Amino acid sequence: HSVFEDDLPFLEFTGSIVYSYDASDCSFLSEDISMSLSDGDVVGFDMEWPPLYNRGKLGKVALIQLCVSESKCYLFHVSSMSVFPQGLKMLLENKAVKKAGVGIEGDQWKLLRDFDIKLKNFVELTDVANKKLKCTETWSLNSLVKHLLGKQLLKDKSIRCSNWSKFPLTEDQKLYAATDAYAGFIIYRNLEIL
């Protein structure tokens, strides 16, 4: 196999991972996020859900990740919250904050479906790359991490495709879920060249 085929080092977030599994708590964290951002700021977005199917569809969303800086990532374990955090809902529906990721359009659908939350102001990284990188490629979060950071995403399937609704999350789940948002945040920020 070629050099381009080589196994690159793993992308692993090493900053602050804030784990929240209580509604009230979550709403206040969301306000913290909002106090630390300004209109037009982009955060890394992503979500996880259990593997078992529910009445014909994928398991209901259980976790939401938001990387707001190169050193802080939020893990909102909504599946463990009695009611969906009102502060998070306003954050995800606030077009003042932009959400970046790969396959977000799909996340929007599932989000509206599982929680009736309307995700506002999101960018499909695939398009941001093709635009700023002056190309016309088919991307995945992983292929973007590789091409731009010289790294690949953690891939233990037993982790990534694990029961995200199971409380509490394990350090590995937290790391995985957290790094995806981070990659979303870093990849967007790095594509701002001209």
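Under this definition, the rigid core comprises the largest set of C-alpha atoms superposing within 1.5 Å between the forms. Heads up: residue numbers just count along the shown sequence, starting at 1.
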Inset, instruction - May I ask which stretch, 3-11 or 185-193, sits farther from the shown form in 4 other deposited structures of this protein once every structure is superposed on the core, judging by RMS CA distance? - result: 185-193
Inset, instruction - Compare 143-151 with 49-57 and report which one shows the larger root mean square C-alpha deviation from this form in 4 other deposited structures of this protein once the rigid core is superposed. - result: 49-57
Inset, instruction - Look up the CA B-factors in the entry and say which stretch, 61-69 or 30-38, has the higher mean. - result: 30-38
Inset, instruction - Higher average CA B factor in the deposited record is what I'm after, so tell me if that's 155-163 or 142-150. - result: 155-163
Inset, instruction - Sort the modelled residues of this chain by their C-alpha B factor and say whether residue 81 lands in the lowest, middle or highest third. - result: highest
Inset, instruction - Please rank the C-alpha B-factors of the chain's modelled residues and tell me whether residue 24 sits in the lowest, middle or highest third. - result: highest
Inset, instruction - Just say lowest, middle or highest third for the CA B-factor of residue 114 relative to the other modelled residues in its chain. - result: middle
Inset, instruction - Determine, from the deposited record, the chain-internal third of the Cα B-factor for residue 44: lowest, middle or highest. - result: lowest
Legend entry - Among modelled residues of the same chain, the CA temperature factor third for residue 93: lowest
